[PDB]
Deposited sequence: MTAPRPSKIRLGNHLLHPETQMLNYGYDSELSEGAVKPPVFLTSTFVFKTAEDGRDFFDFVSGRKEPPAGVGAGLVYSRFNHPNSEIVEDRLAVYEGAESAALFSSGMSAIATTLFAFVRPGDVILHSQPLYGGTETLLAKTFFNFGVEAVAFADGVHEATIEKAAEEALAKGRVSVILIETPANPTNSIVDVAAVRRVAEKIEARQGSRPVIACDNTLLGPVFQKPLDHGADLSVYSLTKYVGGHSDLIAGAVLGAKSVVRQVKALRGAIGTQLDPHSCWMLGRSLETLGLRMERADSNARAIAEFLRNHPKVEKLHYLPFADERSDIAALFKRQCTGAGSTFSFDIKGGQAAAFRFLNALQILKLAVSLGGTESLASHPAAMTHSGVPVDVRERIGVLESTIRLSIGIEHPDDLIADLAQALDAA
């Protein structure tokens, strides 16, 4: 399967259609009366001409059909293409990808060094299930600064062997971020004190694969819930892990032991979603930007947690600028008027829906010091922006802002 056409290098959007294409064709007999069906493809122009000599009825009578049933291995290769990674493994869910990854690298006595906050399933996974297997966890709250990461890392090194550094960036809600390259420098030091480099696993669900590539900034694994945004549908549940071949091979071996792979039908559906990923992501992201501009300078908005509007001089702005190529579709704002106004705003929405991709959503993460440190107040509204028309989203936001 080609990554080049002569000297020209193929882009990902092309590759979601072409990479492994030959392996998606089936053959059937040509039987009269001959009609062109929705699936027929021809190896050569002369083959097409011969087929239509039957269709025309000029001649009395093999034909290829292109269907969309890629193996898991081919959908993995396409993911890896999008990421710019060597290799990929698919999983039945985001949580099974994370769990299998942790099971492949940790042992009782170990410490998982991680960022904060993390997806709630990941926190409960570390706090209960891994704690019960003798695995400890130490958090760094501030992932922007190499110094705060270094500190937590000493705290971890004193509880035991650091076998994994687990980060999520940006994290939900409010998009605090971690400096992946700083995490990698700190892993090189950890390794000096202990004789092994921990595996750096980055939950890239929020911005990946289009707007952030953690493997290009020092991560060893880029991990996903493909359920959330890539898949584009609530009935498509999947996770993935991507990185270098030998590291991914170790997760695959664990994946086969514990049986966490993605089933073939879901692989087919994912192959179909990938076809429109670049379109869906780019629209979501442009929609989020237009909405962000509208909320900024809106009388009823206290604060916007939107990374492109961080101050030029801040460390956050500098990091975002070197680690990311876009802001994705998820962000938060604090409304003027606390809870009762936030609820009234929510209750008024007619286009954005209330829940917890594709469709635009609004939620209230609060529903005390922990929540405020994150920037989750009772005035806080989290928006996850889909692919509706931006004008229509903005209209709905204006009127709900009960204004």
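Novice: Map the modelled residues onto the deposited sequence and report the uncovered stretches in sequence order.
Specialist: Unobserved in coordinates, per deposited numbering: 1 to 6, 68 to 74, 370 to 372, 384 to 390, 427.
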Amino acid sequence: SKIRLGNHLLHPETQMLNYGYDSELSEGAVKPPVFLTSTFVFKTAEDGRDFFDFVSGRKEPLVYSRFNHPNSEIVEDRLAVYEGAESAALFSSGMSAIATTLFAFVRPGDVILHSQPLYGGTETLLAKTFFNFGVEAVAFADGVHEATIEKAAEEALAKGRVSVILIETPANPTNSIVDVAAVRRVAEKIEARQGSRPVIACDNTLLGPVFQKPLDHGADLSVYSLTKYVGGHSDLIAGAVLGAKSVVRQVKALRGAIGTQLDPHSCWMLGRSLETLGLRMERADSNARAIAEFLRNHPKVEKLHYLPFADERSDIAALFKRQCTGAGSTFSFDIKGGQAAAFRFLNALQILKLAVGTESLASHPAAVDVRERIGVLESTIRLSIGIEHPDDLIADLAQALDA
From here on, numbers count along this sequence of modelled residues.
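Novice: Report the stretch with the higher mean CA temperature factor, choosing between 46 to 54 and 357 to 365 on the basis of the entry.
Specialist: For C-alpha atoms only, the mean B-factor is higher in 357 to 365.
Novice: Averaging CA B factors per stretch from the PDB record, which one is higher: 8 to 16 or 375 to 383?
Specialist: That would be 375 to 383.
Novice: In terms of recorded Cα temperature factor, pick the maximum from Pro264, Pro117, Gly259, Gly160.
Specialist: Of the candidates given, the C-alpha B-factor peaks at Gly160.
Novice: Going by the deposited entry, which of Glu282, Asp235, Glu168, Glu76 has the highest CA temperature factor?
Specialist: So the option with the highest C-alpha B-factor is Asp235.
Novice: In terms of the CA temperature factor given in the entry, to which third of its chain does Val41 belong: lowest, middle or highest?
Specialist: Lowest third, going by the recorded CA B-factors of the chain.
Novice: Should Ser26 be placed in the lowest, middle or highest third of its chain by the C-alpha B factor in the entry?
Specialist: Middle third.
Novice: What third of its chain's C-alpha B-factors does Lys151 belong to: lowest, middle or highest?
Specialist: Highest third - that is where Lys151 ends up once the chain's C-alpha B-factors are sorted.
Novice: Can you work out whether the C-alpha temperature factor of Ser65 puts it in the lowest, middle or highest third of the chain?
Specialist: Tercile = lowest for this residue's CA B-factor.
Novice: For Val186, does the deposited CA B-factor place it in the lowest, middle or highest third of the chain?
Specialist: Middle third of the chain for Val186's C-alpha B-factor.
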